[PDB]
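S.K.: Take a look at the following structure, please.
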Amino acid sequence: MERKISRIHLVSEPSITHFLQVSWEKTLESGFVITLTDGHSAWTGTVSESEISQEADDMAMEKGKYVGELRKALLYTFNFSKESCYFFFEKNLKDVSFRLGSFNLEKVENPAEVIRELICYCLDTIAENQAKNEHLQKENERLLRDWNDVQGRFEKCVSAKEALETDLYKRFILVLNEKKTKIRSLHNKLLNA
Amino acid sequence: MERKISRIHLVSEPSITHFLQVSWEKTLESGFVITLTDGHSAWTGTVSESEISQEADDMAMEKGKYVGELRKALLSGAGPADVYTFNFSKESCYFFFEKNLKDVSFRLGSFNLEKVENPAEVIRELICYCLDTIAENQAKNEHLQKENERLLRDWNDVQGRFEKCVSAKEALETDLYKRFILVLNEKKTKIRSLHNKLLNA
Amino acid sequence: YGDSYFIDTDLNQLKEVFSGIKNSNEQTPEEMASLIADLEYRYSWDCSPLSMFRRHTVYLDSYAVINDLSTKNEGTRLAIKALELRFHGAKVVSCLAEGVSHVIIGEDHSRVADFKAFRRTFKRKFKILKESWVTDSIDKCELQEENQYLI
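Residue numbers (the numbering used here), protein chains in the order written: chain A, 13 to 205; chain B, 3 to 203; chain C, -17 to 133.
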């Protein structure tokens, strides 16, 4: 799963941060595979498409608002209750006050396994995104070099065209001034001779 | 002094993991402080000099590759070149990961590790640093692809302008040539007219 | 030279005549704007597609902040305006001066405030013009007008 560990705060220990592992199940409405760890216990809750469709409109409030709350929070002022294994927190915002989802999490006895999953996904994501960044520097450098080369090509084209136009105009001015001198000489000859 | 995330895969302990979150000093060829953790108990310790290489001779492999391999195993990413069975023994507080060539027990490094009580915050910081690096890499990808699109658009625009200019500059120069042609033709017509007038003058 | 007084010269004659003349541009860019630009003026060639900025002097808008010539914008195609200006007899003055009369606004339009500072210090006031006046004009091989390309 896309088990992204997102930092959350405890109810009694705000300074010590739990990492709400925001996973994926190919769907976003059904929440995520919510695995939680503290270094002393594990909370691996497998919430599925069973407390979403019915829990969306149970409190006389729209599914869209419920799904919006899930996206804005499950994916701030976070609070986790260890005693009940139930991820609920005070969402003290504008017109929002309720237990966000009936997320009765499941707890496995060994925190080492959820720590395994967290560390594995963390380092895999670091490696994947570092390779992504590497070929992105590669592509960015390639396009920067291409753009600079074409800009220099246009520089050379403009310079060459301006030089050719200038020298052609100068030669034409020489020829035309000589022709005009001939014309005025013919004017003088017709006037006198 | 920093902690580098190396989740060595324990074949002997698939349930209790072990991270060799090395907190190394400003040395690599000499004894480097390597720190370990499992999830509920961390294993820290200071590695001495001239003793870590005794097991390297027990390994009977190359030196210099020893320092690089220690860095690879300690830092992020287990090195494919010399794969060690990550037998981070909790039964002895001695995280031995060894390449037992020619089917014999050959030890790699003398690591004096001690079991502690609460590595929870340390592992929290470890995976937090991992995912902070992930998030900054994602933001880097975002602005990198933004710059990619911007440079591609500018490259296409400059290429189009350059192609049009190179294609039509010869035509423009020929147009200037024809302009000179017409000007000189009318000048020569005037010259011929004046010459004919002078012939009758 | 090969130029005659009674035989009209064609392109072949002109090329041979011009080839006979040595190639040397010993003339300062102001003089192309004054006398050589008048060749396209007195004989009505100022409407040439690729060279129509002969008497139009623009601002090479390639800086994030105006009146400073060190903050060149990188990764953008703002230098095309100068080269297009350099494609003709346009005096490419990189800073706001009396020459600047066609401010070709590129990918940044918030810089108009800095243009207001020097829009009164110089006689021929420059006007805020879009990229169509320069960047797309020579791409279309023309010379757009300020009124139809404002902003």
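We treat Cβ as the ideally placed atom computed from N, Cα and C, and that holds for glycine.
Determine the closest residue to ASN158 (chain B) out of A:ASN160, A:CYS132 and A:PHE184, with distance taken between C-alpha atoms.
M.R.: Reading the second sequence from its first residue, position 156 is the one you call residue 158 (chain B). Nearest C-alpha to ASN158 (chain B): A:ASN160.
S.K.: What does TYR23 (chain C) pair with, by DSSP beta-bridge criteria?
M.R.: Taking the first residue of the third sequence as position 1, residue 23 (chain C) is located at position 41. According to DSSP, which records beta bridges pairwise, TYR23 (chain C) is partnered with nothing at all.
S.K.: Between the Cα of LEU51 (chain C) and those of C:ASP43, C:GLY81 and C:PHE100, spot the shortest distance and give me the residue it belongs to.
M.R.: Looking up residue 51 (chain C) in the third sequence gives position 69. Comparing Cα positions, the closest option is C:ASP43.
S.K.: Let me make sure I understand the geometry here. Which of B:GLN147, B:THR19 and B:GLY79 has the alpha-carbon closest to that of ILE7 (chain B)?
M.R.: Within the second sequence, residue 7 (chain B) is the residue found at index 5, counting from 1. Nearest C-alpha to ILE7 (chain B): B:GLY79.
S.K.: Short of 6 Å in beta carbon distance, which residues of its chain neighbour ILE18 (chain C), apart from the five on each side in sequence? Order them along the chain.
M.R.: By 1-based counting over the third sequence, the position of residue 18 (chain C) is 36. Around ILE18 (chain C): no qualifying Cβ.
S.K.: Who does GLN33 (chain A) pair with in a DSSP beta bridge?
M.R.: Taking the first residue of the first sequence as position 1, residue 33 (chain A) is located at position 21. The partner list for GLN33 (chain A) (beta bridge, DSSP) reads A:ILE17 and A:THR47.
S.K.: Three-state secondary structure (DSSP) at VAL13 (chain B)?
M.R.: Reading the second sequence from its first residue, position 11 is the one you call residue 13 (chain B). Coil, per DSSP.
S.K.: Counting only Cβ pairs nearer than 7 Å, list the residues of chain E close to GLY71 (chain C).
M.R.: Within the model displayed, chain E is absent; protein chains A, B and C are what it includes.
S.K.: What residues from the segment 37 to 62 of chain C come within 7 Å of chain B, judged by C-beta to C-beta, listed N to C?
M.R.: From the segment 37 to 62 of chain C, only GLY57, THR58, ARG59 and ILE62 have a Cβ closer than 7 Å to chain B.
S.K.: Taking the DSSP output, what are the residues bridged to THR56 (chain A)?
M.R.: Counted from its first residue, the first sequence places residue 56 (chain A) at position 44. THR56 (chain A) is bridged to A:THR47.
S.K.: The alpha helix (DSSP H) that contains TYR131 (chain B), what's its start and end?
M.R.: As a working mapping, residue 131 (chain B) is identified with position 129 in the second sequence. That run of the alpha helix (DSSP H) goes 122 to 201.
S.K.: When the Cα atoms are used, what is the spatial distance from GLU15 (chain B) to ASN89 (chain B)?
M.R.: Against the second sequence, residue 15 (chain B) aligns to sequence position 13. Against the second sequence, residue 89 (chain B) aligns to sequence position 87. If I take the Cα positions, the gap works out to 8 Å.
S.K.: Return the CA-CA distance between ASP60 (chain B) and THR135 (chain B), expressed in angstroms with no decimal places.
M.R.: Sequence index remark: in the second sequence, residue 60 (chain B) carries index 58 (1-based). Sequence index remark: in the second sequence, residue 135 (chain B) carries index 133 (1-based). Rounded to whole angstroms, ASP60 (chain B) to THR135 (chain B) spans 38 Å at the Cα level.
S.K.: Quick one: grab the DSSP three-state call for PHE100 (chain C).
M.R.: Position 118 of the third sequence, counting from 1, holds the residue named residue 100 (chain C). It is helical.
S.K.: In terms of residue numbering, what span does the beta strand (DSSP E) encompassing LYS109 (chain C) cover?
M.R.: Mapped onto the third sequence, residue 109 (chain C) falls at position 127. Start and end: 109 to 111.
S.K.: Does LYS194 (chain A) get closer than 9 Å to chain C when you measure Cβ to Cβ?
M.R.: Locating residue 194 (chain A) in the first sequence gives position 182, counting from the first residue. Yes, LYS194 (chain A) lies at the interface with chain C (some Cβ there is under 9 Å from its Cβ).
S.K.: Does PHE97 (chain C) have its Cβ less than 9 Å from a Cβ in chain B?
M.R.: On the third sequence, position 115 is the one that residue 97 (chain C) refers to. No, because no Cβ of chain B sits closer than 9 Å to the Cβ of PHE97 (chain C).
S.K.: Where does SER91 (chain B) fall in DSSP's three states?
M.R.: Residue mapping note: residue 91 (chain B) aligns to position 89 of the second sequence, counting from 1. Strand at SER91 (chain B).
S.K.: For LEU178 (chain B) and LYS144 (chain A), I'd like the C-alpha separation in whole angstroms.
M.R.: On the second sequence, position 176 is the one that residue 178 (chain B) refers to. On the first sequence, position 132 is the one that residue 144 (chain A) refers to. If you take the alpha carbons of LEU178 (chain B) and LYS144 (chain A), they lie about 53 Å apart.
S.K.: Who are the neighbours of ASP179 (chain A) on chain C, taking C-beta pairs under 7 Å?
M.R.: Here residue 179 (chain A) corresponds to residue number 167 of the first sequence, with the count starting at 1. Within 7 Å Cβ-Cβ: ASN5 and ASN7.
S.K.: Looking at C-alpha atoms only, which residue of B:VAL13, B:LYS199, B:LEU201 and B:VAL160 is the closest neighbour of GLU100 (chain B)?
M.R.: As a position in the second sequence, residue 100 (chain B) is number 98, starting the count at 1. Nearest C-alpha to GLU100 (chain B): B:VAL13.
S.K.: Within 10 Å of its beta-carbon, does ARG157 (chain A) have 16 or more other beta-carbons around it, so buried, or fewer, so exposed?
M.R.: Within the first sequence, numbered from 1, the residue matching residue 157 (chain A) stands at position 145. It counts as exposed.
S.K.: With DSSP as the reference, label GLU100 (chain B) as helix, strand or coil.
M.R.: Taking the first residue of the second sequence as 1, we reach residue 100 (chain B) at position 98. Strand.
S.K.: Alpha carbon to alpha carbon, what distance is there between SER6 (chain C) and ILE62 (chain C)?
M.R.: Sequence index remark: in the third sequence, residue 62 (chain C) carries index 80 (1-based). Sequence index remark: in the third sequence, residue 6 (chain C) carries index 24 (1-based). Distance between the alpha carbons of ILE62 (chain C) and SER6 (chain C): 27 Å.
S.K.: For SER27 (chain A), which option in A:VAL34, A:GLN33 and A:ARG19 has the closest C-alpha, if you only look at C-alpha atoms?
M.R.: For the purposes of this step, residue 27 (chain A) is identified with residue 15 of the first sequence, where counting begins at 1. The residue with the shortest Cα to Cα distance from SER27 (chain A) is A:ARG19.
S.K.: By the DSSP assignment, the beta strand (DSSP E) with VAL85 (chain C) in it spans what residues?
M.R.: As a position in the third sequence, residue 85 (chain C) is number 103, starting the count at 1. Where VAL85 (chain C) is concerned, the enclosing beta strand (DSSP E) stretches over 84 to 86.
S.K.: Determine, for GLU66 (chain C), whether the minimum Cβ-Cβ distance to residues of chain B falls below 9 Å.
M.R.: Indexing the third sequence from 1 puts residue 66 (chain C) at position 84. Yes, its Cβ sits closer than 9 Å to a Cβ of chain B.
S.K.: Using a C-beta cutoff of 9 Å, does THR10 (chain C) count as contacting chain B?
M.R.: Taking the first residue of the third sequence as 1, we reach residue 10 (chain C) at position 28. Closer than 9 Å: no.
S.K.: Please list the terminal residues of the continuous alpha helix (DSSP H) segment that includes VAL69 (chain B).
M.R.: Residue numbering aside, residue 69 (chain B) sits at position 67 when the second sequence is read from its first letter. Counting along the chain, the alpha helix (DSSP H) containing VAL69 (chain B) begins and ends at 67 to 76.
S.K.: Could you run through the segment 148 to 159 of chain A and flag, in chain order, every residue whose CB is less than 8 Å away from some CB of chain C?
M.R.: Against chain C - using a Cβ distance shorter than 8 Å - the residues of the segment 148 to 159 of chain A are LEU156 and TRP159.
S.K.: Quick one: which residues of the segment 98 to 126 of chain A get their C-beta closer than 7 Å to a C-beta of chain B? List them in chain order.
M.R.: Listed in sequence order: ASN122, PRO123, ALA124 and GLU125.
S.K.: Among residues of its own chain, excluding the 5 on either side of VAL74 (chain C), which ones have a beta-carbon nearer than 6 Å to its beta-carbon?
M.R.: Numbered from 1 along the third sequence, position 92 holds the residue referred to as residue 74 (chain C). Result list for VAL74 (chain C): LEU42, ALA64, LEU67 and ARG68, in chain order.
S.K.: Quick one: Cα of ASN150 (chain B) to Cα of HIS147 (chain A), how far?
M.R.: Residue mapping note: residue 150 (chain B) aligns to position 148 of the second sequence, counting from 1. Residue mapping note: residue 147 (chain A) aligns to position 135 of the first sequence, counting from 1. Computed Cα separation, rounded: 12 Å.
S.K.: Within the 9 Å Cβ cut-off, does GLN142 (chain A) reach chain C?
M.R.: One-based indexing of the first sequence puts residue 142 (chain A) at position 130. With 9 Å as the cut-off, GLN142 (chain A) does not count as an interface residue toward chain C.
S.K.: Output the distance between the C-alpha atoms of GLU140 (chain A) and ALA75 (chain B), rounded to the nearest integer angstrom.
M.R.: For the purposes of this step, residue 140 (chain A) is identified with residue 128 of the first sequence, where counting begins at 1. For the purposes of this step, residue 75 (chain B) is identified with residue 73 of the second sequence, where counting begins at 1. One C-alpha to the other measures close to 19 Å.
S.K.: Nearest chain A C-beta to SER33 (chain C) closer than 9 Å, yes or no?
M.R.: Position 51 of the third sequence, counted from the first residue, corresponds to residue 33 (chain C). Chain A, which has a Cβ nearer than 9 Å to the Cβ of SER33 (chain C), makes this yes.
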